[PDB]
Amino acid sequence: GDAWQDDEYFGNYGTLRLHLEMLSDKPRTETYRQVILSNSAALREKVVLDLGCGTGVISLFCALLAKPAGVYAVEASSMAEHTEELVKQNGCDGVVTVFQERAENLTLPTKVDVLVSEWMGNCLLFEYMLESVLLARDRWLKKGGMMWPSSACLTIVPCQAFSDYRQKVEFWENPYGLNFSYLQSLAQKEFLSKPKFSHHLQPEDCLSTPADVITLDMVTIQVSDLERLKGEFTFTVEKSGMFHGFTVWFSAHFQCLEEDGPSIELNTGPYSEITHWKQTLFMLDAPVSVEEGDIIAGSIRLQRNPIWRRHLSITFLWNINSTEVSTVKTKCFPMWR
């Protein structure tokens, strides 16, 4: 409710702006289309729950690209009223049923064989729609049923971010020949203490090979596991450069309904086609130069905000060519836009 900021959250999803962004994201939307196509024969006579269907696009993929026994399209925002009309104008109202309900207070006619949802936020967990997905899974997913995505993982890499640091911090040293360096302290707090959403990381700015640090198993994960997620990492710097911070993204995996089948992946990283999530940048307070062979090791922690339940803080701990504790640095980034 108020702790979930549901008025603002679902109010935003009642306008076309966010849905235009999702549907204009071709890698994202086509991935879900490909999952339905790759599993078309296996979906026949299955009951599908599309949790948070928005405009209903995923439900329409299920009803038009396969032959399920039924599709339950669930959407809590005011968009559901239009989704019902869209389903009917695409000739699917006999298979797709629209429920204008929250997953938490959901009443469905039957349990389901497949629960498909697009719940991933920035750095995977932001806004914690995953909680709603897990609650609907526990109540409505039949034993042996399929979660789509079936697993997800958080991936990070040490990176260079020259343009960001120069434009936001070093800029103040001599703009037009004026000494504005007195503002650099304020610039570090205002521009570097928060994550930068919609960062486009270039491959040449990666200082090492990216590593998966946290992996979520969508069948076994529980709501209580989401309060604090942690992963260790150790990076060998592969090219000499400037360590400005960490870039974070995620992947989502869609297991085939049949063991012998194709598994489909949605990757939001720098080596894949850009998505509306792009990547997320976490700047250090001060950059440090590094050379090939340097070891950057530590951990990342995603700590859910105890009061504002759609928010979290991301804490990096890292050490460069060292194991001691007096050398360890840490920075905590509140995840707010």
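Counting begins at 1, following the sequence as shown.
Novice: When the Cα temperature factors in the entry are averaged, is it 156-164 or 253-261 that ends up higher?
Specialist: Comparing 253-261 with 156-164, the higher average CA B-factor belongs to 253-261.
Novice: When the C-alpha temperature factors are averaged for each of 322-330 and 15-23, which stretch ends up with the higher value in the entry?
Specialist: It is 322-330 that shows the higher mean C-alpha B-factor.
Novice: Among 268, 305, 38, 280, which residue carries the highest C-alpha B-factor recorded in the PDB entry?
Specialist: The C-alpha B-factor peaks, among 268, 305, 38, 280, at 38.
Novice: Whose C-alpha has the highest temperature factor in the PDB entry: 78, 150, 185, 117?
Specialist: 185 has the highest C-alpha B-factor of those listed.
Novice: By the record's CA B-factor, is residue 295 among the lowest, middle or highest third of residues in the chain?
Specialist: CA B-factor rank for residue 295: highest third.
Novice: Please place residue 93 in the lowest, middle or highest third of its chain according to the CA B-factor in the PDB entry.
Specialist: Answer is highest: the recorded C-alpha B-factor places it there.
Novice: Name the third of the chain's ranked CA B-factors that contains residue 85, choosing lowest, middle or highest.
Specialist: Middle third of the chain for residue 85's C-alpha B-factor.
Novice: Against its chain's modelled residues, does residue 197's Cα B factor rank lowest, middle or highest third?
Specialist: According to the entry, residue 197 has a C-alpha B-factor in the chain's middle third.
Novice: By the recorded C-alpha temperature factor, relative to the other modelled residues in its chain, which third is residue 48 in?
Specialist: Middle third, going by the recorded CA B-factors of the chain.
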